[PDB]
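Add 4 to the 1-based position in the sequence shown for PDB author numbering, that's all there is to it.
Just so it is clear, CB atoms sit at the ideal spot from N, CA and C, and this is done for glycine as well.
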Amino acid sequence: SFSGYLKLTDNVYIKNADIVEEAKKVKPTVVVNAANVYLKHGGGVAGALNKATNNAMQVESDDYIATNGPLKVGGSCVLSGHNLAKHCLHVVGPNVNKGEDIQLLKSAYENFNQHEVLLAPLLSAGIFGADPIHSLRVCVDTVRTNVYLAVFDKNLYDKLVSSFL
Ligand SMILES: CCn1cc(NC(=O)c2ccc(F)cc2)cn1
């Protein structure tokens, strides 16, 4: 199971880890992707997860978009986890670098509540432009299921833990 995590709350855990390496190691039932509405996994966590699947995640995602159209900001879809997990929950947090409503971050985290346990990144953090400290606060105040957060950046992980209220 998950190892080396710091317990933040009853159900939220955090670790300084590369979510791809963490997924390959644990093979969780659900790995969360920091997706965009088009499921175009170009960079950040999405680009890294997709590259780990040898682009199979992108091929599957393009078929999903061709059939269903884009996701909503704050929405999600469950697709295959490929070699990383049983499932990948593609969750679209608001991208503040695209002027998207940061209030949609709570709606984005609500998708995690449909899964009993998840391996996840901080939504809207990194290249999505939101403050990761704010993302962690929304996560702990929204998610009620067991979430294991992987924070790639050591310095950010330390800042998140040391400032956690
Ligand atoms: C650790 C590497 N890294 C940190 C960030 N983000 C921030 O720290 C931040 C802080 C305040 C903001 F208003 C927006 C973003 C993205 N990558």
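Which whole-angstrom value is the C-beta distance of residue i and residue j, which I expect to be below 8 Å?
i       : j       : result
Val-95  : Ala-21  : Between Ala-21 and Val-95 the Cβ distance is about 18 Å, and since that is not below 8 Å, they are no contact.
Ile-18  : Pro-125 : Between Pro-125 and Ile-18 the Cβ distance is about 11 Å, and since that is not below 8 Å, they are no contact.
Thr-146 : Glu-114 : 6 Å
What's the gap between the Cα of residue i and the Cα of residue j?
i         : j       : result
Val-16    : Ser-139 : 13 Å
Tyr-42    : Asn-117 : 22 Å
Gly-79    : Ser-166 : 30 Å
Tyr-68    : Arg-141 : 31 Å
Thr-33    : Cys-92  : 8 Å
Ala-112   : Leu-75  : 11 Å
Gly-51    : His-45  : 5 Å
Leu-127   : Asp-135 : 10 Å
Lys-102   : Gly-47  : 15 Å
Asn-87    : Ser-65  : 15 Å
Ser-7     : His-119 : 19 Å
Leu-53    : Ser-84  : 12 Å
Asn-99    : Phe-132 : 4 Å
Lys-11    : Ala-60  : 33 Å
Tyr-161   : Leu-123 : 16 Å
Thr-149   : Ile-106 : 22 Å
residue 1 : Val-30  : Outside the displayed range of the chain (5 to 169) lies residue 1, so it cannot be described from this structure.
Using the beta-carbon count (16 or more within 10 Å), is residue i buried or exposed?
i       : result
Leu-169 : exposed
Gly-130 : buried
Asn-159 : exposed
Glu-26  : buried
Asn-58  : exposed
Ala-56  : buried
Closer than 8 Å: is that where the CB of residue i sits relative to any heavy atom of ligand 1?
i       : result
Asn-159 : yes
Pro-136 : yes
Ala-129 : yes
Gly-133 : yes
Using DSSP bridges, identify the partner residues of residue i.
i       : result
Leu-10  : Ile-18
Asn-150 : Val-121
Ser-80  : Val-95
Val-35  : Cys-92 and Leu-123
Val-155 : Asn-20
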